[PDB]
Amino acid sequence: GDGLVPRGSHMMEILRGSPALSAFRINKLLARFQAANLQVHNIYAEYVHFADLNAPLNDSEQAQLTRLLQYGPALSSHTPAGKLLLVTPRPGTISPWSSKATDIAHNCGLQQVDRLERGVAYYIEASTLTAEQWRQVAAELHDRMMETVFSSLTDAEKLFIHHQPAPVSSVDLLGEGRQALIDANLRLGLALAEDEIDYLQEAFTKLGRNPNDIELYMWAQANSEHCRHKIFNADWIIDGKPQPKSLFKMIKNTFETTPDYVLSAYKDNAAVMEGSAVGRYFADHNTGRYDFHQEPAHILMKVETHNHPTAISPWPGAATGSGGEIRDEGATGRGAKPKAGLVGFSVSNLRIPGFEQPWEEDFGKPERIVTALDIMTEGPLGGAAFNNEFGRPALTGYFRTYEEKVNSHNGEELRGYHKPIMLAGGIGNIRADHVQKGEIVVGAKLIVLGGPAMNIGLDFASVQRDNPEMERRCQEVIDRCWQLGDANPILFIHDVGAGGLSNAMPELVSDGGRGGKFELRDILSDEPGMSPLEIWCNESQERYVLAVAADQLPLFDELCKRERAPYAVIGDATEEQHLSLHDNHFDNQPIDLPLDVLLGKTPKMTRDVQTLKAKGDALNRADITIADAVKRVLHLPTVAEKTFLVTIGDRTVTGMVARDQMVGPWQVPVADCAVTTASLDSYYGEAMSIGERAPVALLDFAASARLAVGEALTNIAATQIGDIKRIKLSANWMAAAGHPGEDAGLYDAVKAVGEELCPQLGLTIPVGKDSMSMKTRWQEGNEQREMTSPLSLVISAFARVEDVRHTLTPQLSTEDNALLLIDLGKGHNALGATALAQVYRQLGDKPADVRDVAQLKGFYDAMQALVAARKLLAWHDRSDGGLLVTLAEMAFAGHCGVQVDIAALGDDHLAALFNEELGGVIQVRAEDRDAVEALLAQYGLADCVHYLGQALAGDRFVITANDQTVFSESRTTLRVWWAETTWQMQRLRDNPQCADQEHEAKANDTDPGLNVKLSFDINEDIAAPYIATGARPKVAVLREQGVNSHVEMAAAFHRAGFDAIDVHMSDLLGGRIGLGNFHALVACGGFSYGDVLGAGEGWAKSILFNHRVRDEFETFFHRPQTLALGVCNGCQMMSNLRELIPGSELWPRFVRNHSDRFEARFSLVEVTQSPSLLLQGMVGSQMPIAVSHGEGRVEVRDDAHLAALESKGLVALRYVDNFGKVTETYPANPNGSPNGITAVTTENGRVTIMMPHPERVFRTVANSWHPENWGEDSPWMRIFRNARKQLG
Ligand SMILES: Nc1ncnc2c1ncn2[C@@H]1O[C@H](COP(=O)(O)OP(=O)(O)O)[C@@H](O)[C@H]1O
Ligand SMILES: [Cl-]
Ligand SMILES: [Cl-]
Ligand SMILES: [Cl-]
Ligand SMILES: [Cl-]
Ligand SMILES: [Cl-]
Ligand SMILES: [Cl-]
Ligand SMILES: [Mg+2]
Ligand SMILES: [Mg+2]
Ligand SMILES: [Mg+2]
Ligand SMILES: [Mg+2]
Ligand SMILES: [Mg+2]
Ligand SMILES: [Mg+2]
Ligand SMILES: [Mg+2]
């Protein structure tokens, strides 16, 4: 029995959970203790759960809560032995696990559960340790920024203390004069300048009353660099001359020059451009039926950063970087839908233990920030965690490491990224009539949509918190709103970000020309102790603010309750330009201000600065040889394979991904840009690419900015766009403002792109952001040390795509071919600030640059001509690592060799191979060489174009210069060297057995890559005679909160002839839908409940513990002809419903992958013989499918049960390796399932559950790789057509 004790006015139940760490993780902890000379004999860990109860549980309810808290892999249980150390979230914080677990308990009828929380009990046997050594063990077992260690289970009562509300505090300006403001500036950390204090002193002296702490804090956050963008609005004097434009006005110059296709710039928290008229697919409000709505799907774009918080706590730093940016996209106009993301990281050197590289030197770091390696281990996991649980694919990115002592603009100093760049961005779609914000009527209701707040954000104040499923529930309300078209009730919406409601609400009513009257105690709160300052100014996540007409509140409440999206009306818009915040608890008014006070500011800044310019130093080549440089450059993280950043993030949710990072049958992550379809019924789409080249700014500020723009365009150039004016840019500027030379260099770089290169090319920059404190200082010896970033412009390019099918990738063909270099460097072959210089600890002399603007435009326009005429077999641009890395990566992606001659590229073979000038390599059919050279010559490119040679079958990578061999190596050896960084990252972050299997597989050149064998005609629509009758059977497309894959599931059943109906679990609980009216149902994928309490478990136990809904599902599954499919999260849910499903007694559980990591893979499976009616006709076929899950490993009770499942013949799909054999080796089997199993059916074949996603790849265009001869339908369309034909 579980523990039960008094806890304040409540009772606290303590429930023992399952064992918490796998064998490999226990071994790593033992190894770390041994490495610290901590003599630890054994460690075992178990989860422990704490339930704060507001009322007692009866026996039945106690058994339900016990069953809710049974989840996870069935690991080795041990009797507790040794010293207990209980690690929990810090008191005063509430984990996201708690928010979601508590939501499951309430949706299971346990309203007595006020809050659930979890810790980890470690039992350590180490009898000889001293007291100081026990503190070191404790330090090893928790994150000091987020957790605490306790010595008894009962200490967890500290996490549930209820504090009385703290009152507002007055700052006594009337009674003390200006010193009260000086004291408050220090006490509250307002970082006010003297002229900011003068402004506040006069404003309150004029009002004749003391400011409250909340009103000072709100104003300080509104007037910070971060929020007010004073540097980008400043006036400048440079070298003694006043300049005519601010940095923002030079950005806006690009929209004054090129307004084409722009629908919204600089007036929302994303830009919008024109898209394409296509079928937007969603379920109608009245009927619940999914349908296509033919209309423009315009395209929104935004890119943000989260640099400071990621230096302190990288997982939530990066997660809430993604999360914040997703809210900016959904809050565009009057509501919009995010569709695909991008991610970037810049960090200092990794210094992976046991894999030190020769250019890396430990310079030390501040105590209070984490290392570059910790950022790259936990940060990409947090950004992926948000994109995967919210449900947007993450399809392009960058990752740079840089940290070196260099002779730059301010002479010799350390330049790097101890404060990293953490960048998150994406694209979304929006309806034309919702692009413009609406008018806010006087008396509009002012709402906060989203998460109850806590005291987050005000280094503890820099530790963020992410709950992506809350954001998905809010996106579903936003989507119901814009799907109502003219009846959309949102008049105005805005994300909540910096400053919390203290910035978002004043900005909302101000942007509508109104004031606002608000009620503090109507805001939802999970921390009753919070003061009015903490309630109004915290930066809790997953919130939006909205205005809605009072007469639309009943509709808005219906939409929210159906999605389980929390919301509160907290105020009313007023005609008076005033802002007031009242407190019904203290019967007072924490804020009472004219908006022109609140939104008043100090004068415009002037920045008077001078130019600094480094003299470059020629590269010292004494210890450089071509062969050693190839090996070093392939080991630079910036160049090396990025799998560890790619397969951790879904790349298929939505079913609209055409081109992801992984390319070809060997799934090599070298795609130069991302492409999505605009709908599920079109080949129009959208593309995203990134350019960045920060190390060049250590030699030439403007050259680094022009190369960022040029590389974004060379990355996107082999996608079918047409007019260069379709491409729109985000410009994200990271600098150390104030550091010598960086200010004049920022202005020079903004002018270089905004006044010069982008207007000359026809490129708009309609959105951007800036982060202006990119440096770190600490005391290292008893000496001051500093690490300052280069000026770091990241350009993201976004474009409407005219046909996604015509995109080229770096996969070489071995058909008769020609490789052509387009060298936009014009033979300059610069080596300054290249990966070659960096790997020999140098900066060099002169960097690359845009050498000829008309030739850059001509190269783009020539590429677009060649793409549209279908004249290219492959493209890959030149960037980090030069021509050598471009050619190596094309041979990796084509799994072949190259024979290249570089005698035309200069006598300096090192510079010809390793310069990072713009350009790239095209591959064409040999019969088309002369035509393509003439086409390039009509764009002015003839002297830039050079025939290099040919791609050849086999494994030789050969570069010659006339009769001399310059470099020759096995392509497999190069490919494995270029994989060693991801190998080492995966092996320190994930199960090392799996990291090792994936790496070693790359060294087998005989791998034939993904390949297909089909047992049926993929073009035969067996459902066509039924569709032609017009009789369309319904399918219940089942979703729970946190499901994210329902739209494409409905679209696959719709193509097979069904009427797809949106059935939320709330519809079944509210009686709006009854399963008796359906003959088919599908449980869809995603992250219901964030997978807390085990993937699929909350959704299944919600059904089981409501007897009415339980019986509905049992009745459905017991009818004689009904069909059901569960995919991914649906598979997990239905495996937890066995008890309701006949013929399911042998089904396994689905638990954490053996790798211990989310796996987003394009995996090969074979269809096996089973009763499944949904796989009729397909037995023996082998083809790839989208895999995207963290808990897909089949787990049985013991081998008796595996053998029985097998002998009953219910396995319907198995993972196979590329040789065709059933496998458990990773990642060909991505999850470790026994015998490759990844789909099972019932004895009667009418219910099938599977972990992969056929509905993400039912369109050939959405398959990462596929045979060239396939038509619109992939093989997986046959599952949906078999369901239609079976219904008859
Ligand atoms: N941080 C990241 N997250 C996700 N994908 C990434 C990341 N960094 C790089 N990638 C992807 O890895 C591949 C190789 O990246 P990279 O070599 O930096 O591209 P390029 O050199 O073409 O600019 C590309 O498909 C890129 O989108
Ligand atoms: Cl019980
Ligand atoms: Cl990702
Ligand atoms: Cl059945
Ligand atoms: Cl499960
Ligand atoms: Cl088979
Ligand atoms: Cl393909
Ligand atoms: Mg690259
Ligand atoms: Mg590229
Ligand atoms: Mg790049
Ligand atoms: Mg065409
Ligand atoms: Mg119930
Ligand atoms: Mg694979
Ligand atoms: Mg194996």
# chains A, B, ... in the order shown; residues from 1 in each chain; ligands from 1

call {"tool": "residues_near_ligand", "arguments": {"ligand": "ligand 6", "cutoff": "9 Å", "atoms": "only C-alpha atoms and all ligand atoms", "output": "ChimeraX atom specification"}}
result
/A:1165-1169,1178-1182,1212-1214,1222

call {"tool": "write_last_selection", "arguments": {"atoms": "N, CA, C and O atoms", "output": "short mmCIF file (atom, residue, chain, number, x, y, z; two decimals), in the first residue's frame"}}
result
data_model
loop_
_atom_site.label_atom_id
_atom_site.label_comp_id
_atom_site.auth_asym_id
_atom_site.auth_seq_id
_atom_site.Cartn_x
_atom_site.Cartn_y
_atom_site.Cartn_z
N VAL A 1165 10.21 -1.58 -44.18
CA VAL A 1165 9.42 -2.66 -43.57
C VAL A 1165 8.99 -3.64 -44.63
O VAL A 1165 8.91 -3.32 -45.85
N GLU A 1166 8.68 -4.83 -44.15
CA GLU A 1166 7.99 -5.83 -45.04
C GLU A 1166 6.64 -6.12 -44.42
O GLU A 1166 6.46 -6.22 -43.21
N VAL A 1167 5.67 -6.36 -45.30
CA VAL A 1167 4.34 -6.80 -44.92
C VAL A 1167 4.32 -8.29 -44.76
O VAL A 1167 4.74 -9.01 -45.69
N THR A 1168 3.90 -8.77 -43.64
CA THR A 1168 3.97 -10.21 -43.28
C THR A 1168 2.61 -10.82 -43.33
O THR A 1168 1.63 -10.11 -43.22
N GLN A 1169 2.52 -12.16 -43.45
CA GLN A 1169 1.21 -12.76 -43.55
C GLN A 1169 0.52 -12.75 -42.23
O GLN A 1169 1.03 -13.22 -41.19
N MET A 1178 -1.04 -7.14 -49.96
CA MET A 1178 0.27 -6.46 -49.80
C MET A 1178 1.31 -7.36 -49.20
O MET A 1178 2.48 -6.96 -49.10
N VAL A 1179 0.97 -8.61 -48.85
CA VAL A 1179 1.91 -9.52 -48.15
C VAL A 1179 3.06 -9.85 -49.06
O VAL A 1179 2.95 -10.10 -50.28
N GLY A 1180 4.25 -9.65 -48.47
CA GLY A 1180 5.49 -9.82 -49.14
C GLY A 1180 6.04 -8.52 -49.72
O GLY A 1180 7.25 -8.49 -50.17
N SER A 1181 5.25 -7.44 -49.71
CA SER A 1181 5.86 -6.21 -50.15
C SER A 1181 6.85 -5.63 -49.15
O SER A 1181 6.73 -5.90 -47.94
N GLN A 1182 7.81 -4.94 -49.69
CA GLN A 1182 8.89 -4.28 -48.86
C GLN A 1182 8.97 -2.91 -49.40
O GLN A 1182 9.17 -2.61 -50.56
N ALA A 1212 2.01 -8.23 -38.50
CA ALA A 1212 1.62 -7.78 -39.80
C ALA A 1212 2.68 -6.98 -40.55
O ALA A 1212 2.64 -6.82 -41.77
N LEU A 1213 3.66 -6.35 -39.81
CA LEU A 1213 4.74 -5.61 -40.40
C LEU A 1213 5.96 -5.89 -39.57
O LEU A 1213 5.92 -5.89 -38.35
N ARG A 1214 7.11 -5.99 -40.24
CA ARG A 1214 8.42 -6.09 -39.55
C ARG A 1214 9.43 -5.19 -40.20
O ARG A 1214 9.47 -5.02 -41.42
N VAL A 1222 14.83 -9.57 -41.81
CA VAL A 1222 14.28 -9.07 -40.54
C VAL A 1222 15.36 -8.78 -39.63
O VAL A 1222 16.36 -9.51 -39.49
#

call {"tool": "closest_atom_pairs", "arguments": {"of": "chain A", "to": "ligand 8", "cutoff": "10 Å", "atoms": "only C-alpha atoms and all ligand atoms", "output": "JSON lines"}}
result
{"residue": "A:398", "atom": "CA", "partner": "ligand 8", "partner_atom_place_in_ligand_line": "1 (Mg)", "distance": 8.2}
{"residue": "A:399", "atom": "CA", "partner": "ligand 8", "partner_atom_place_in_ligand_line": "1 (Mg)", "distance": 9.0}
{"residue": "A:400", "atom": "CA", "partner": "ligand 8", "partner_atom_place_in_ligand_line": "1 (Mg)", "distance": 9.7}
{"residue": "A:637", "atom": "CA", "partner": "ligand 8", "partner_atom_place_in_ligand_line": "1 (Mg)", "distance": 9.6}
{"residue": "A:638", "atom": "CA", "partner": "ligand 8", "partner_atom_place_in_ligand_line": "1 (Mg)", "distance": 6.8}
{"residue": "A:639", "atom": "CA", "partner": "ligand 8", "partner_atom_place_in_ligand_line": "1 (Mg)", "distance": 5.0}
{"residue": "A:640", "atom": "CA", "partner": "ligand 8", "partner_atom_place_in_ligand_line": "1 (Mg)", "distance": 7.4}
{"residue": "A:641", "atom": "CA", "partner": "ligand 8", "partner_atom_place_in_ligand_line": "1 (Mg)", "distance": 8.2}
{"residue": "A:642", "atom": "CA", "partner": "ligand 8", "partner_atom_place_in_ligand_line": "1 (Mg)", "distance": 9.1}
{"residue": "A:669", "atom": "CA", "partner": "ligand 8", "partner_atom_place_in_ligand_line": "1 (Mg)", "distance": 9.5}
{"residue": "A:670", "atom": "CA", "partner": "ligand 8", "partner_atom_place_in_ligand_line": "1 (Mg)", "distance": 7.1}
{"residue": "A:671", "atom": "CA", "partner": "ligand 8", "partner_atom_place_in_ligand_line": "1 (Mg)", "distance": 9.2}
{"residue": "A:672", "atom": "CA", "partner": "ligand 8", "partner_atom_place_in_ligand_line": "1 (Mg)", "distance": 8.2}
{"residue": "A:715", "atom": "CA", "partner": "ligand 8", "partner_atom_place_in_ligand_line": "1 (Mg)", "distance": 9.9}
{"residue": "A:876", "atom": "CA", "partner": "ligand 8", "partner_atom_place_in_ligand_line": "1 (Mg)", "distance": 9.5}
{"residue": "A:877", "atom": "CA", "partner": "ligand 8", "partner_atom_place_in_ligand_line": "1 (Mg)", "distance": 8.6}
{"residue": "A:878", "atom": "CA", "partner": "ligand 8", "partner_atom_place_in_ligand_line": "1 (Mg)", "distance": 7.9}
{"residue": "A:879", "atom": "CA", "partner": "ligand 8", "partner_atom_place_in_ligand_line": "1 (Mg)", "distance": 6.1}
{"residue": "A:880", "atom": "CA", "partner": "ligand 8", "partner_atom_place_in_ligand_line": "1 (Mg)", "distance": 5.5}
{"residue": "A:881", "atom": "CA", "partner": "ligand 8", "partner_atom_place_in_ligand_line": "1 (Mg)", "distance": 7.3}
{"residue": "A:882", "atom": "CA", "partner": "ligand 8", "partner_atom_place_in_ligand_line": "1 (Mg)", "distance": 9.0}
{"residue": "A:885", "atom": "CA", "partner": "ligand 8", "partner_atom_place_in_ligand_line": "1 (Mg)", "distance": 7.6}
{"residue": "A:886", "atom": "CA", "partner": "ligand 8", "partner_atom_place_in_ligand_line": "1 (Mg)", "distance": 7.8}
{"residue": "A:889", "atom": "CA", "partner": "ligand 8", "partner_atom_place_in_ligand_line": "1 (Mg)", "distance": 8.5}

call {"tool": "select_by_dssp", "arguments": {"residues": "stretch 998-1030 of chain A", "states": "alpha helix (DSSP H)", "output": "PyMOL selection string"}}
result
chain A and resi 998-1001+1024-1027

call {"tool": "residues_around", "arguments": {"residues": "residue A:1114", "least_positions_apart": "2", "cutoff": "12 Å", "atoms": "only C-alpha atoms", "output": "list in words"}}
result
residues 1075, 1076, 1103, 1104, 1107, 1108, 1109, 1110, 1111, 1112, 1116, 1117, 1118, 1119, 1122, 1134, 1137, 1138, 1139, 1140, 1141 and 1142 of chain A

call {"tool": "write_last_selection", "arguments": {"atoms": "N, CA, C and O atoms", "output": "PDB file, in the first residue's frame"}}
result
ATOM      1  N   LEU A1075     -20.260   6.054 -31.276  1.00  0.00           N
ATOM      2  CA  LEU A1075     -19.617   5.114 -32.209  1.00  0.00           C
ATOM      3  C   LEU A1075     -20.551   4.150 -32.901  1.00  0.00           C
ATOM      4  O   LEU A1075     -20.179   3.558 -33.948  1.00  0.00           O
ATOM      5  N   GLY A1076     -21.756   3.985 -32.350  1.00  0.00           N
ATOM      6  CA  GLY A1076     -22.763   3.149 -33.043  1.00  0.00           C
ATOM      7  C   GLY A1076     -23.098   3.541 -34.453  1.00  0.00           C
ATOM      8  O   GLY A1076     -23.652   2.756 -35.204  1.00  0.00           O
ATOM      9  N   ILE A1103     -10.646   6.470 -21.396  1.00  0.00           N
ATOM     10  CA  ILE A1103     -11.727   5.669 -21.932  1.00  0.00           C
ATOM     11  C   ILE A1103     -12.090   4.603 -20.906  1.00  0.00           C
ATOM     12  O   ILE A1103     -13.289   4.422 -20.596  1.00  0.00           O
ATOM     13  N   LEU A1104     -11.166   3.795 -20.382  1.00  0.00           N
ATOM     14  CA  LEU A1104     -11.488   2.708 -19.472  1.00  0.00           C
ATOM     15  C   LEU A1104     -12.136   3.179 -18.201  1.00  0.00           C
ATOM     16  O   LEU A1104     -13.064   2.378 -17.743  1.00  0.00           O
ATOM     17  N   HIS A1107     -17.174   4.618 -17.518  1.00  0.00           N
ATOM     18  CA  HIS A1107     -17.791   3.410 -17.977  1.00  0.00           C
ATOM     19  C   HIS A1107     -18.655   3.579 -19.222  1.00  0.00           C
ATOM     20  O   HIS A1107     -18.742   2.649 -20.047  1.00  0.00           O
ATOM     21  N   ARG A1108     -19.321   4.709 -19.382  1.00  0.00           N
ATOM     22  CA  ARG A1108     -20.104   4.950 -20.575  1.00  0.00           C
ATOM     23  C   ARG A1108     -19.253   4.904 -21.855  1.00  0.00           C
ATOM     24  O   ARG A1108     -19.613   4.265 -22.881  1.00  0.00           O
ATOM     25  N   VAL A1109     -18.129   5.634 -21.838  1.00  0.00           N
ATOM     26  CA  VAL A1109     -17.301   5.675 -23.058  1.00  0.00           C
ATOM     27  C   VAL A1109     -16.556   4.287 -23.222  1.00  0.00           C
ATOM     28  O   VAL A1109     -16.467   3.849 -24.387  1.00  0.00           O
ATOM     29  N   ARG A1110     -16.143   3.735 -22.135  1.00  0.00           N
ATOM     30  CA  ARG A1110     -15.642   2.358 -22.177  1.00  0.00           C
ATOM     31  C   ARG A1110     -16.552   1.397 -22.923  1.00  0.00           C
ATOM     32  O   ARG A1110     -16.169   0.675 -23.884  1.00  0.00           O
ATOM     33  N   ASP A1111     -17.831   1.459 -22.504  1.00  0.00           N
ATOM     34  CA  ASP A1111     -18.775   0.525 -23.115  1.00  0.00           C
ATOM     35  C   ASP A1111     -19.022   0.863 -24.546  1.00  0.00           C
ATOM     36  O   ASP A1111     -19.254  -0.048 -25.380  1.00  0.00           O
ATOM     37  N   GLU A1112     -18.960   2.102 -24.983  1.00  0.00           N
ATOM     38  CA  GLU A1112     -19.086   2.485 -26.346  1.00  0.00           C
ATOM     39  C   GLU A1112     -18.016   1.882 -27.238  1.00  0.00           C
ATOM     40  O   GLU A1112     -18.255   1.285 -28.277  1.00  0.00           O
ATOM     41  N   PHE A1116     -18.359  -1.170 -30.018  1.00  0.00           N
ATOM     42  CA  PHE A1116     -17.881  -0.990 -31.361  1.00  0.00           C
ATOM     43  C   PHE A1116     -16.992  -2.204 -31.780  1.00  0.00           C
ATOM     44  O   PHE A1116     -17.153  -2.785 -32.848  1.00  0.00           O
ATOM     45  N   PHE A1117     -16.031  -2.500 -30.898  1.00  0.00           N
ATOM     46  CA  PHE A1117     -15.110  -3.600 -31.258  1.00  0.00           C
ATOM     47  C   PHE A1117     -15.734  -4.970 -31.269  1.00  0.00           C
ATOM     48  O   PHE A1117     -15.158  -5.847 -31.931  1.00  0.00           O
ATOM     49  N   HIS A1118     -16.855  -5.133 -30.596  1.00  0.00           N
ATOM     50  CA  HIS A1118     -17.538  -6.435 -30.629  1.00  0.00           C
ATOM     51  C   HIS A1118     -18.523  -6.592 -31.742  1.00  0.00           C
ATOM     52  O   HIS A1118     -19.077  -7.680 -31.838  1.00  0.00           O
ATOM     53  N   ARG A1119     -18.796  -5.577 -32.544  1.00  0.00           N
ATOM     54  CA  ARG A1119     -19.699  -5.764 -33.725  1.00  0.00           C
ATOM     55  C   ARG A1119     -18.999  -6.603 -34.748  1.00  0.00           C
ATOM     56  O   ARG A1119     -17.757  -6.731 -34.799  1.00  0.00           O
ATOM     57  N   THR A1122     -17.248  -4.200 -37.984  1.00  0.00           N
ATOM     58  CA  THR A1122     -16.486  -2.905 -37.866  1.00  0.00           C
ATOM     59  C   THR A1122     -14.974  -3.072 -38.076  1.00  0.00           C
ATOM     60  O   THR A1122     -14.417  -4.159 -37.777  1.00  0.00           O
ATOM     61  N   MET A1134      -4.465   1.853 -28.280  1.00  0.00           N
ATOM     62  CA  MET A1134      -5.328   0.692 -28.432  1.00  0.00           C
ATOM     63  C   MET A1134      -4.628  -0.494 -27.750  1.00  0.00           C
ATOM     64  O   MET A1134      -5.336  -1.377 -27.251  1.00  0.00           O
ATOM     65  N   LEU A1137      -5.905  -0.767 -24.448  1.00  0.00           N
ATOM     66  CA  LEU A1137      -7.386  -1.154 -24.430  1.00  0.00           C
ATOM     67  C   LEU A1137      -7.677  -2.485 -24.709  1.00  0.00           C
ATOM     68  O   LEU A1137      -8.767  -2.866 -25.107  1.00  0.00           O
ATOM     69  N   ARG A1138      -6.764  -3.443 -24.789  1.00  0.00           N
ATOM     70  CA  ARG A1138      -6.882  -4.834 -25.122  1.00  0.00           C
ATOM     71  C   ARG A1138      -8.061  -5.390 -24.591  1.00  0.00           C
ATOM     72  O   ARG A1138      -8.722  -6.038 -25.319  1.00  0.00           O
ATOM     73  N   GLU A1139      -8.372  -5.112 -23.312  1.00  0.00           N
ATOM     74  CA  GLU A1139      -9.436  -5.684 -22.649  1.00  0.00           C
ATOM     75  C   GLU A1139     -10.818  -5.494 -23.380  1.00  0.00           C
ATOM     76  O   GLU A1139     -11.812  -6.200 -23.097  1.00  0.00           O
ATOM     77  N   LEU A1140     -10.928  -4.438 -24.181  1.00  0.00           N
ATOM     78  CA  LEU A1140     -12.157  -4.118 -24.923  1.00  0.00           C
ATOM     79  C   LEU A1140     -12.192  -4.708 -26.296  1.00  0.00           C
ATOM     80  O   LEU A1140     -13.224  -4.656 -26.954  1.00  0.00           O
ATOM     81  N   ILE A1141     -11.046  -5.274 -26.815  1.00  0.00           N
ATOM     82  CA  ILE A1141     -10.910  -5.617 -28.193  1.00  0.00           C
ATOM     83  C   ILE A1141     -10.846  -7.152 -28.334  1.00  0.00           C
ATOM     84  O   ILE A1141      -9.871  -7.753 -27.870  1.00  0.00           O
ATOM     85  N   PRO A1142     -11.738  -7.841 -29.005  1.00  0.00           N
ATOM     86  CA  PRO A1142     -11.654  -9.277 -29.077  1.00  0.00           C
ATOM     87  C   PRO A1142     -10.439  -9.664 -29.914  1.00  0.00           C
ATOM     88  O   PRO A1142      -9.988  -8.971 -30.798  1.00  0.00           O
TER      89      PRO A1142
END

call {"tool": "residues_near_ligand", "arguments": {"ligand": "ligand 13", "cutoff": "12 Å", "atoms": "only C-alpha atoms and all ligand atoms", "output": "ChimeraX atom specification"}}
result
/A:643,646-647,662-669,998,1001-1002,1007,1009-1011,1159-1165,1183-1188,1215-1218,1225-1231,1264-1265
